[PDB]
Every structure is written in C-alpha cells, then in structure tokens.
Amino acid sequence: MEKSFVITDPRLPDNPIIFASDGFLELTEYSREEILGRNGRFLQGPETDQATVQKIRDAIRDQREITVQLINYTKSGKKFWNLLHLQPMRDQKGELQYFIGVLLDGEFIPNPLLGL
C-alpha cells in the first residue's frame, strides 16, 4: 500500500497490530517483524502528552472514531508529530472486528494552539 497505517485486532489481548503498511515501516523505521503483535503505544515516548493518550484510550473503550495530534518517535529516536486517525471497523453482524490507525507526519496544528 502507499499510506502509513496499522490494523489491530481488538479480539486479541491488548489490541495487537496484525498488519503494518509499507508506508508505516518507512515512517517509523521499524521492520514488519518488530511491529506485528505489539500495541500501537510503542511509538510514544517522553514528550507524548498523556492527556492525548487518555483521549485515545476513551475512544477505543467507546469504539468511537477520533483524530489526535501527538508526539511519536522513530526506531532511531527521531521525534515526529503524528496526526493519528483511529477508526473502528465493524463486520456485517455489527460486531467490532478491527481498528485502523492512519498516520500523517507533521505539526499540522501548531503546538502552542494544540496545548491550549
């Protein structure tokens, strides 16, 4: 694929990544073998706003779509702003099946306005 995204399986413990796009490998510098089976939180680090992490936790609990902008880190420790779009995916039976997270790299909203 082209875009940077991961798919998780919420029917398995702690919502592991079951698919990572080529774009996600390139953006994050991790190999597919380093990503499969782990939770999306591994990209976080010291500067990640815990208030934003709570917003994500609530959206996944409530199975609601959300977009947030938060600091994430590549494998080599480079900070990037991640505009992260999380969408629940339901099957034809109305049952949660996946989450997809699409990442866009950039400080789209300036930190001084994000922090207000």
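When you see a residue number, it is the position in the sequence shown, counting from 1.
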Please compare 57 to 65 with 38 to 46 and name the stretch with the higher mean C-alpha B-factor in the deposited structure.
57 to 65
Please work out which of 105 to 113 and 2 to 10 has the higher mean CA B-factor as recorded in the PDB entry.
105 to 113
Would you mind checking where the Cα B-factor of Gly94 ranks among the modelled residues of its chain, as the lowest, middle or highest third?
highest
CA B-factor ranking of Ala51, expressed as a third of its chain:
highest
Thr74: C-alpha B-factor third of its chain, per the entry, is the middle
